[PDB]
Every structure is written in C-alpha cells, then in structure tokens.
>>> print(open('model_23.pdb').read())   # PDB, C-alpha atoms
ATOM      1  CA  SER A   1     -13.674 -12.950   7.952  1.00  0.00           C
ATOM      2  CA  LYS A   2     -10.329 -14.739   7.961  1.00  0.00           C
ATOM      3  CA  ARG A   3     -10.030 -14.957   4.183  1.00  0.00           C
ATOM      4  CA  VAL A   4      -8.305 -11.625   3.527  1.00  0.00           C
ATOM      5  CA  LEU A   5      -4.552 -11.199   3.930  1.00  0.00           C
ATOM      6  CA  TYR A   6      -2.506  -8.051   4.458  1.00  0.00           C
ATOM      7  CA  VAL A   7       0.792  -8.238   2.595  1.00  0.00           C
ATOM      8  CA  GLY A   8       3.481  -5.666   3.371  1.00  0.00           C
ATOM      9  CA  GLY A   9       7.026  -5.050   2.166  1.00  0.00           C
ATOM     10  CA  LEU A  10       6.293  -4.948  -1.574  1.00  0.00           C
ATOM     11  CA  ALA A  11       8.893  -3.589  -3.998  1.00  0.00           C
ATOM     12  CA  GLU A  12       7.553  -0.806  -6.223  1.00  0.00           C
ATOM     13  CA  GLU A  13       7.333  -3.035  -9.284  1.00  0.00           C
ATOM     14  CA  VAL A  14       5.379  -5.822  -7.558  1.00  0.00           C
ATOM     15  CA  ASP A  15       1.887  -5.630  -9.084  1.00  0.00           C
ATOM     16  CA  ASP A  16      -1.348  -7.641  -9.223  1.00  0.00           C
ATOM     17  CA  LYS A  17       0.143 -10.166 -11.636  1.00  0.00           C
ATOM     18  CA  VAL A  18       3.175 -10.694  -9.418  1.00  0.00           C
ATOM     19  CA  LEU A  19       1.016 -11.049  -6.302  1.00  0.00           C
ATOM     20  CA  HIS A  20      -1.345 -13.475  -7.985  1.00  0.00           C
ATOM     21  CA  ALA A  21       1.507 -15.732  -9.142  1.00  0.00           C
ATOM     22  CA  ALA A  22       3.002 -15.769  -5.650  1.00  0.00           C
ATOM     23  CA  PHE A  23      -0.236 -16.566  -3.836  1.00  0.00           C
ATOM     24  CA  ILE A  24      -2.346 -18.651  -6.220  1.00  0.00           C
ATOM     25  CA  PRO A  25      -0.525 -21.891  -5.239  1.00  0.00           C
ATOM     26  CA  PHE A  26      -2.454 -21.833  -1.948  1.00  0.00           C
ATOM     27  CA  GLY A  27      -5.918 -21.758  -3.480  1.00  0.00           C
ATOM     28  CA  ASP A  28      -8.443 -19.697  -5.438  1.00  0.00           C
ATOM     29  CA  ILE A  29      -8.060 -15.937  -5.092  1.00  0.00           C
ATOM     30  CA  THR A  30     -11.215 -13.796  -5.175  1.00  0.00           C
ATOM     31  CA  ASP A  31      -9.498 -10.432  -5.502  1.00  0.00           C
ATOM     32  CA  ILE A  32      -6.285  -8.484  -4.936  1.00  0.00           C
ATOM     33  CA  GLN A  33      -6.365  -4.871  -3.800  1.00  0.00           C
ATOM     34  CA  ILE A  34      -3.413  -2.515  -4.092  1.00  0.00           C
ATOM     35  CA  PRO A  35      -4.053   0.946  -2.552  1.00  0.00           C
ATOM     36  CA  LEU A  36      -2.319   3.675  -4.555  1.00  0.00           C
ATOM     37  CA  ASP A  37      -0.899   7.091  -3.764  1.00  0.00           C
ATOM     38  CA  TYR A  38      -3.189   9.374  -5.758  1.00  0.00           C
ATOM     39  CA  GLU A  39      -0.671  12.167  -6.432  1.00  0.00           C
ATOM     40  CA  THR A  40       1.897   9.674  -7.685  1.00  0.00           C
ATOM     41  CA  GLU A  41       1.351   6.625  -9.865  1.00  0.00           C
ATOM     42  CA  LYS A  42       2.764   3.870  -7.594  1.00  0.00           C
ATOM     43  CA  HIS A  43       1.429   1.753  -4.703  1.00  0.00           C
ATOM     44  CA  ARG A  44       2.490   2.136  -1.085  1.00  0.00           C
ATOM     45  CA  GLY A  45       4.303  -1.142  -0.466  1.00  0.00           C
ATOM     46  CA  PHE A  46       1.378  -3.269   0.725  1.00  0.00           C
ATOM     47  CA  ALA A  47      -1.678  -5.025  -0.606  1.00  0.00           C
ATOM     48  CA  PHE A  48      -4.623  -7.226   0.293  1.00  0.00           C
ATOM     49  CA  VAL A  49      -5.115 -10.719  -1.152  1.00  0.00           C
ATOM     50  CA  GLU A  50      -8.525 -12.291  -0.618  1.00  0.00           C
ATOM     51  CA  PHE A  51      -8.889 -16.061  -0.766  1.00  0.00           C
ATOM     52  CA  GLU A  52     -12.096 -17.995  -1.404  1.00  0.00           C
ATOM     53  CA  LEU A  53     -11.331 -20.264   1.576  1.00  0.00           C
ATOM     54  CA  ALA A  54     -10.053 -19.233   5.008  1.00  0.00           C
ATOM     55  CA  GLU A  55      -8.096 -22.486   5.104  1.00  0.00           C
ATOM     56  CA  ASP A  56      -6.124 -21.464   2.033  1.00  0.00           C
ATOM     57  CA  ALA A  57      -5.462 -18.025   3.511  1.00  0.00           C
ATOM     58  CA  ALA A  58      -4.058 -19.713   6.614  1.00  0.00           C
ATOM     59  CA  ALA A  59      -1.688 -21.875   4.576  1.00  0.00           C
ATOM     60  CA  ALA A  60      -0.609 -18.788   2.647  1.00  0.00           C
ATOM     61  CA  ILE A  61       0.273 -16.947   5.856  1.00  0.00           C
ATOM     62  CA  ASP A  62       2.220 -19.872   7.282  1.00  0.00           C
ATOM     63  CA  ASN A  63       4.328 -20.182   4.137  1.00  0.00           C
ATOM     64  CA  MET A  64       4.656 -16.622   2.817  1.00  0.00           C
ATOM     65  CA  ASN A  65       5.159 -14.535   5.954  1.00  0.00           C
ATOM     66  CA  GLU A  66       8.784 -13.388   6.172  1.00  0.00           C
ATOM     67  CA  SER A  67       9.491 -14.881   2.744  1.00  0.00           C
ATOM     68  CA  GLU A  68      11.294 -13.103  -0.101  1.00  0.00           C
ATOM     69  CA  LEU A  69       9.655 -11.370  -3.067  1.00  0.00           C
ATOM     70  CA  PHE A  70      11.624  -9.216  -5.516  1.00  0.00           C
ATOM     71  CA  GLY A  71      14.466  -9.439  -3.022  1.00  0.00           C
ATOM     72  CA  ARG A  72      12.416  -7.973  -0.175  1.00  0.00           C
ATOM     73  CA  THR A  73      11.214  -9.636   3.022  1.00  0.00           C
ATOM     74  CA  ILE A  74       7.426  -9.504   3.027  1.00  0.00           C
ATOM     75  CA  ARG A  75       5.034  -9.710   5.960  1.00  0.00           C
ATOM     76  CA  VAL A  76       1.758 -11.607   5.654  1.00  0.00           C
ATOM     77  CA  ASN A  77      -1.039 -11.466   8.251  1.00  0.00           C
ATOM     78  CA  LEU A  78      -4.839 -11.632   8.454  1.00  0.00           C
ATOM     79  CA  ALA A  79      -6.172  -8.236   7.368  1.00  0.00           C
TER      80      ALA A  79
END
>>> encode(input="model_23.pdb", output="structure tokens")
Amino acid sequence: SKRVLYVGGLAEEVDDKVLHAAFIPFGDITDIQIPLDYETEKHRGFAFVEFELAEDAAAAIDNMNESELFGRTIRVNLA
C-alpha cells in the first residue's frame, strides 16, 4: 500500500507517544512500529507510521520530510 511511512533520524528518546503527536495532525493513525535492538533496550533511530488513508500519508510526507524533531532532521518516505 501507500499508507505506511518510514521515518528515520529519530533521537533515542523519541517514542510512540512523540511520534503520534507529530503525525496525528495529518489524519488517523492505525499503528506505529518501532523496531528495537534486542540486546539493548533502545530503538534504532527509525520507525513506521501507518495511516488509515493514503492521502493523509502523502500529506505527512510532504510536510514532515526533512523537518526537525527533538533537534534532529528526520526523513519521511513511503515504506
């Protein structure tokens, strides 16, 4: 589909709550996935945000790609 976004460049403390607040303005979010390093406790700096509507995902990409989050430049593309 074209409803799931790949989001890279996430600071270590960015979590599901942070991601949801940053992306919910574009439309309903179905789920957020944050792959973790099993040995350690933290994530790897990227996540997946799935929108209910492809149209909302598109708007999210257009606005969020190369934007700032926790002082880091993030990259947003179709997963």
>>> closest_residue(input="model_23.pdb", among="A:79, A:29, A:22, A:10", to="residue 51 (chain A)", atoms="all atoms listed in the file")
A:29
>>> resolve_selection(input="model_23.pdb", expression="the PyMOL selection byres ((chain A and resi 2) around 9)", output="ChimeraX atom specification")
/A:1,3-5,51,53-55,57-58,78-79
>>> closest_residue(input="model_23.pdb", among="A:77, A:13, A:63, A:56", to="residue 26 (chain A)", atoms="only C-alpha atoms")
A:56
>>> resolve_selection(input="model_23.pdb", expression="the PyMOL selection byres ((chain A and resi 65) around 10)", output="list in words")
residues 7, 8, 60, 61, 62, 63, 64, 66, 67, 68, 73, 74, 75, 76 and 77 of chain A
>>> atom_distance(input="model_23.pdb", atom1="CA of residue 28 (chain A)", atom2="CA of residue 15 (chain A)")
17.8 Å
>>> atom_distance(input="model_23.pdb", atom1="CA of residue 14 (chain A)", atom2="CA of residue 34 (chain A)")
10.0 Å
>>> atom_distance(input="model_23.pdb", atom1="CA of residue 18 (chain A)", atom2="CA of residue 52 (chain A)")
18.7 Å
>>> axis_aligned_box(input="model_23.pdb", around="region 55-73 of chain A", padding_each_side="4 Å", output="AutoDock Vina command-line options")
--center_x 3.2 --center_y -15.2 --center_z 0.9 --size_x 30.6 --size_y 22.5 --size_z 20.8
>>> residues_around(input="model_23.pdb", residues="residue 36 (chain A)", least_positions_apart="5", cutoff="10 Å", atoms="all atoms listed in the file", output="PyMOL selection string")
chain A and resi 41-47
>>> closest_residue(input="model_23.pdb", among="A:59, A:71, A:39, A:49", to="residue 17 (chain A)", atoms="only C-alpha atoms")
A:49
>>> closest_residue(input="model_23.pdb", among="A:24, A:33, A:40, A:69", to="residue 6 (chain A)", atoms="only C-alpha atoms")
A:33
>>> decode(input="model_23.pdb", residues="region 4-23 of chain A", atoms="C-alpha atoms", output="mmCIF file, in the first residue's frame")
data_model
loop_
_atom_site.group_PDB
_atom_site.id
_atom_site.type_symbol
_atom_site.label_atom_id
_atom_site.label_comp_id
_atom_site.auth_asym_id
_atom_site.auth_seq_id
_atom_site.Cartn_x
_atom_site.Cartn_y
_atom_site.Cartn_z
ATOM 1 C CA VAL A 4 2.779 3.219 5.664
ATOM 2 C CA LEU A 5 5.617 5.683 6.212
ATOM 3 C CA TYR A 6 9.261 5.048 7.048
ATOM 4 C CA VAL A 7 10.589 7.671 9.444
ATOM 5 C CA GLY A 8 14.339 7.889 10.024
ATOM 6 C CA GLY A 9 16.605 10.130 12.085
ATOM 7 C CA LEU A 10 14.882 9.652 15.453
ATOM 8 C CA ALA A 11 16.618 10.737 18.661
ATOM 9 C CA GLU A 12 16.869 7.949 21.242
ATOM 10 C CA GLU A 13 14.128 9.399 23.425
ATOM 11 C CA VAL A 14 11.587 9.779 20.604
ATOM 12 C CA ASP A 15 8.940 7.130 21.336
ATOM 13 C CA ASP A 16 5.447 6.107 20.202
ATOM 14 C CA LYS A 17 3.830 8.995 22.063
ATOM 15 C CA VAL A 18 6.197 11.508 20.491
ATOM 16 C CA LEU A 19 5.672 10.047 17.014
ATOM 17 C CA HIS A 20 1.911 10.004 17.394
ATOM 18 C CA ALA A 21 1.792 13.670 18.448
ATOM 19 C CA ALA A 22 3.959 14.674 15.494
ATOM 20 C CA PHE A 23 1.981 12.761 12.878
#
